[PDB]
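This is the structure I have questions about; it appears just below.
Lettered A, B, C, D and E in written order, each chain numbered from 1.
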Amino acid sequence: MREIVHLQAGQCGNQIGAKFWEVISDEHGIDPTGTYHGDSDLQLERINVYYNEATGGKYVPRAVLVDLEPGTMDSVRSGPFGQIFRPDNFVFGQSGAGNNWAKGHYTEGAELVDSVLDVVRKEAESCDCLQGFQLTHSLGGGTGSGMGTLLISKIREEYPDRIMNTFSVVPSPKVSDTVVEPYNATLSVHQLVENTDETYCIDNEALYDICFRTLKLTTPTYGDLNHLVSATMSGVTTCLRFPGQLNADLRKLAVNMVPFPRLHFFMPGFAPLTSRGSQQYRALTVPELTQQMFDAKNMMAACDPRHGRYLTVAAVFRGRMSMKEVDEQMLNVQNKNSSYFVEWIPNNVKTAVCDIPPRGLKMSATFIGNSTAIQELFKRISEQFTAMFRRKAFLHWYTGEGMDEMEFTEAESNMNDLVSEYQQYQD
Amino acid sequence: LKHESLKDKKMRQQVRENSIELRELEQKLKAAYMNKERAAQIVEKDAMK
Amino acid sequence: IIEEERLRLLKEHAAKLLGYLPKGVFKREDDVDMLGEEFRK
Amino acid sequence: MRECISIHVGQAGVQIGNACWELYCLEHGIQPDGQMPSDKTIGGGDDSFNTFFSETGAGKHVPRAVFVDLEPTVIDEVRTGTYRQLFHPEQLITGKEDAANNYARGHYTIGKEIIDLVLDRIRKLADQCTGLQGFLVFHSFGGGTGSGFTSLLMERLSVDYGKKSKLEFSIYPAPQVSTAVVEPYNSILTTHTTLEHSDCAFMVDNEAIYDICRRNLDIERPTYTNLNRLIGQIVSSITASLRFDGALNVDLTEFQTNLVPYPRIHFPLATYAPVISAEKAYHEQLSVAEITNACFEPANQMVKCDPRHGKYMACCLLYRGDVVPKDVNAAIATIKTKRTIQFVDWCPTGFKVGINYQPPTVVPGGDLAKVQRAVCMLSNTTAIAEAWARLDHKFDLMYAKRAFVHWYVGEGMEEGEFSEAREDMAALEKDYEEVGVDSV
Amino acid sequence: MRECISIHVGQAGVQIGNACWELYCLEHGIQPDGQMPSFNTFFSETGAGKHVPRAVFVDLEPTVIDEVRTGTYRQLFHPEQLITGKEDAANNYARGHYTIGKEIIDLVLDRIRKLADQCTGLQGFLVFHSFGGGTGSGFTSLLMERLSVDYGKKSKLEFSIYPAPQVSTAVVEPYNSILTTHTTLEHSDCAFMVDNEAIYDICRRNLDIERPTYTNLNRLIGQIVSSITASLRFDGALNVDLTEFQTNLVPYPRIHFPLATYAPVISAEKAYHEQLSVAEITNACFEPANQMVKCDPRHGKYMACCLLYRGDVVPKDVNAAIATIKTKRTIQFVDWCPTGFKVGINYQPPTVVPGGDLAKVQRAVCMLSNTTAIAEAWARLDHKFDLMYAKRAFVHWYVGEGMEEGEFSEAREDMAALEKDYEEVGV
């Protein structure tokens, strides 16, 4: 029926991806050897959305895990759920980019992308009525953001009609883990404006905020942080895999959301989040997750929405719940103030309620907000890109593979009309 | 009795030639014996010198 | 039957090849048929 | 399958690999006989040794290294030592007649009989590679083979191989206490044949390691065996990310594009922060933040050069042990916002962080202790232009009265080659001064 | 029933045959005095439990046969087989042809008759000789001519030591070498050759052995002959019969002189560190060092190349490494031989002699080349003969013992025709 092909790129992508497939498989009753051990009748019918149908009652995913370096996928051949992938799907190379977006776009990326793209059609040929794709990124690198931009445009030219989601992890601006990344995030956003039908941005600095102040962890590994993204990754697609008394699939949440087709950088969040002690003391009602899905502390990107207005706002909810009480508490959010809210679009709210929550909570909520206060995320990278580029710092590495001086300025001019395309609606 | 003997032997032979853990096993054994002989002969020629 | 034949061939040929073996000749603890001295090694 | 070819040269290169390869036989389970022992030879689940060690069909591991010098008395302590039967005997190249502390003797006269021979044993070692990550030259700016023949290898490796990484480890002659008199004629004449044909070259004084040993390791009168354990720990920590998996895995090809702003500024200096004598490791906590604050000190460098008189172009911090990366990123924000640690105003990002899981090991007899985590900083600061204002003056006084030049012009060298390689460092003393200047 | 009869003539012949028959006796399980505590290719069997070689030994100086007749192989042979003359041939082609050999050619041919009536499926003879001496030229010429006009079209293979450029012990060695090449140009099916100077260089270089004796050469020639004739005794993936070389190697009936080598000649102290795979040894066959006859390889182009592999070898490794050799276009193969090679494989690996120096290697190759390079050796071997025969040095003994002055001249022209024939089949 309506099926999803999954794509995972870069070292951050495979770390995100291996944690993502656990929270789908344990939802769907699948053991690490891939044999169905579930309990409910409704569990199994939409296994064709993500998984194939192997012999003897076995299920395998439909992910292809591209990486330049083989030193990350040997981890996920030994992972806790790292066995169920088909070994044809692992695609790997010999020479890594090494955080050079020129080398991850031109030199060995052109040599390798054939081997991925033959596997791409193979997991697309088994589809009946394919619905879209999915991608995982971190924008700061040359191996995942570098391969990813060439992995987006080459899939647009063959399947241009399908709703092609693509995640992103925008780099942390306060302290970066790389020094060459203002060339790398700015060269990738220009390719990410034009081609992707839907994107989300994730400040991993706010993930360090959201485990410290709210979740009260002491030792947050990246693997535990990729749990938090994995709730949102399964949170949006929950109408394609399950029943609904008010449903919203991927296509009903994009074309109901995006006003102008260069404006698809969103800011997500997850509302029922507590420490293990603090879960007991705090109620589980309908407004108490409306308190927290819009709560500026509990956001996921580090762009506070008191720097502008919300164009359109979404919240997919999970579990059986009443619909007066989700409406009157969404009526109240638009009406308690008119400053952070847009005049020329009369409403903002998107609502969706499924019937099966994630296991462990009676209620759940996943937030999507399309804000005008994301423009400072770009004037921050615009000034860091033009600090390096005046004296041409580090540029002698990017030039030597087939890039000239003009390829930064057009990727900065397009990067600098994006703030004004945001500033005009913001004022 | 004749049946017993013939069937048993044929089984053993063909089934060995066909399985596989055995292929790796044989390569390992042959290489080991060979290198053992090599070291022994090295020691022998040293003693001869 | 192929696993039983593999045990027969191991316990016939590999008895005296004690001090060294290649990497893939032993899997999932086949020493119990040759119990006597392989364990103490 | 990833690989390195650790090619040494010089009498101060064989004495480094003696203490370098004994570390890599301890990281793995390898005996000095070469064969793996009984416990690890039945499962065989570990294939982490393929970066450095080969593997023959009869179960013996032979490392990938060739030892070069013209002095036949420091290789002949390897063919009778503990490591007699580890190394393949065709990889210990050794010349009869010496080099005798002349650059020109080791570039034109003697070294031409071995430039062909060592480039056949190199071609064996680099032929098993599915993928070569990079070579590792260990040489010295002191004398004939370590400075002359190294320049002859650089002009023939890159012509042979080309766009392939070749890291370099090198001592640097001390400010005051050095052991030669013809020495500044060499260190000006080996930088000039390395400005083009080496992708990265680390800088170490042996004088600054003489200062850290009276200070940190609490050892009085250190010998030369205790200088090659510290350098041998760094070259473990650079290449540990190839062999053992990590959370932020940083290869060799990652470095050479991530440290150099301009293509003749490839001279980064390095340090190893948690060097503690085993008495004081019992007294001092060694967290992840406080061994990041202890690289930028005025005392834990390895080149006698205090970077207070310079602006940091970039850093490349590599971590090893048990670290969690919330607590790494808390400390790098401290060092950027601290006032004294100067950063160049065309680098607002600055850093490069790497994480690996293996804790550092302990060699028996090593003065270092077992510490749970350890870092290794790599920076190319502006302050290194001070140190050339010391060596290039010492070339100028001797060349003014034309001292010591008559051995060089008679040993197959023209007198003009001192003039063109003197004007060449009259650019690099300026080339640091144009990029340390604030923006206009 | 692939029986071959071996005759060793010349001191080079019997001193090679000592090493050859100790190698063949250790090849099977035969203890050396004859008994045993597939072998019917070289040994007849008597019902007491005794094995008799198919070998005839002959020289005209009694001491070199008598040391065999007294030494440790005294009970191997029927002791009438060790034929012995009275007066030495005295390095004289006329004496070993016309005058002295007329007493013993009848005896050796009658014992050849009795052995060929003992045999039942006869295939060929192995005549071991040199190009240096009187009984290594004249008696071998009479033996080959009489066996050709007596037995028919059966493969009389001959093995020849070859006179090196700067290495000789005689003075008159061009004279009797050009004479034996003239009169044995026609009735030998093939003539393998080896150069003592090239074996000296290989013994210095590959085997790390200084100052070699003659036993250290005859062991190598024994390994060569056993790798030739392993196919008749032991069965393999692709056997090659001994007749197949006649239709395989030689293109025209004066070009039956192929060269040989054997690639894993390596001592134990280096072969312990080095692995020697199939691609390694077949690439190593084609060095100018590791050949066994001194001719400059690069000045000649190849005609045909018959490889014999021995031991554990998988045929795709061979079939890939052959094309890998072919495509280089510096190993010049002639433009009327697109087939190039001819390959055989046998299972049983090369064996080891007690008191030996070649390391026990699992697989080995013996390659039989047919080059154009040996025109330089024929040019120089005609030139030395031309230098001496300008003023009639050493001729008066041979003309007092049986040829006129013109027969040296007609042998000169009948040998120079061959040097023109290479330029014919080269251009």
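Brief remarks on what is shown
The rule we apply is simple: contacts are C-beta pairs under 8 Å (C-beta built on N, C-alpha and C of every residue); 3 or more make two chains touch, one makes a residue touch a chain.
Once CA atoms are averaged chain by chain and compared with the all-protein CA average, the nearest chain turns out to be D. Computed from the mean C-alpha positions, the centre of chain A lies at a distance of 76 Å from the centre of chain E.
Chain B and chain C have CA centres that are 13 Å apart. In terms of their C-alpha centroids, the spacing between chain A and chain C amounts to 52 Å. Note on chain placement: the centre of chain A and the centre of chain D lie 42 Å apart, centres being C-alpha means. Chain contacts: chain C has residues 20-24 touching two or more partner chains. Looking at chain E, one finds that residues 269, 272 touch two or more other chains.
Within chain A, not a single residue touches two or more of the remaining chains. Shown are all chain pairs that touch, namely A-D, B-C, B-D, B-E, C-D, D-E.
The part of chain B that touches chain D in the complex is made up of residues 31-32, 34-35, 38. Partner chain D is touched in their complex by these residues of chain A: 11, 69, 71-72, 74-75, 94-96, 98-100, 172, 174-182, 208, 211-212, 219-222, 384, 387-388, 390-391, 393-394, 396-397. On the side of chain D, the complex with chain E involves touching residues 56-58, 60, 62, 88-90.
Across the complex, chain B meets chain C through its residues 12, 15-16, 18-19, 21-22, 24-25, 27-29, 31-33, 35-36. Residues 38, 41-42, 44, 59 of chain D touch chain C in their complex.
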